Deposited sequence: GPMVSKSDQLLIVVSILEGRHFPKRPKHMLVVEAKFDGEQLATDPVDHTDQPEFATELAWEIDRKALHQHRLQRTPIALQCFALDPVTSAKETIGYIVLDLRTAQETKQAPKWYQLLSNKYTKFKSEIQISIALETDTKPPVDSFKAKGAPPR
């Protein structure tokens, strides 16, 4: 079967309310970049998106060996101008790949007084 690495980005918490702005999460794995839709920049933003990468059984073994990360980058989007500003990052571990979702703190968070976090699960699926 064709294998899928699937990252489910669920909701956020402890984010400042920015009424003119949206949030986008981008994720990159072995050079392939995916993104969520923009969602409202509330305190608990609702991403509710699955990002999935096709991978061979064999390539997956190499990546587990070298501990290849999945890099997530969180952006505040201005829908009037299309301006994106990086707000912070999250790094996911392939070894984590159903398992319960975990809450990940945004690293290098530009919202210095908020411990913003986004709940994420990662799994290996078929098809």
- Item | Sequence order list of spans that the model leaves without C-alpha positions, deposited numbering | 1-7, 105-107, 138-153
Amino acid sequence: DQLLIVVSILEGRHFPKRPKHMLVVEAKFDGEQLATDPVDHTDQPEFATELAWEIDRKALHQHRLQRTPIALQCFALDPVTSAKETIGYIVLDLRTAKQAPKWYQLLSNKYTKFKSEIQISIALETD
From here on, numbers count along this sequence of modelled residues.
- Ranked by mean Cα B-factor in the entry, 57-65 and 29-37, top stretch is 57-65
- Note on the structure: Stretch with higher mean Cα temperature factor, 69-77 vs 88-96, is 88-96
- Taking the C-alpha B-factors as the PDB entry records them, is residue 121 in the lowest, middle or highest third of its chain? middle
- residue 82: CA temperature factor from the record, placed by chain third, in the highest
- Message: Please place residue 7 in the lowest, middle or highest third of its chain according to the CA B-factor in the PDB entry.
- Response: lowest
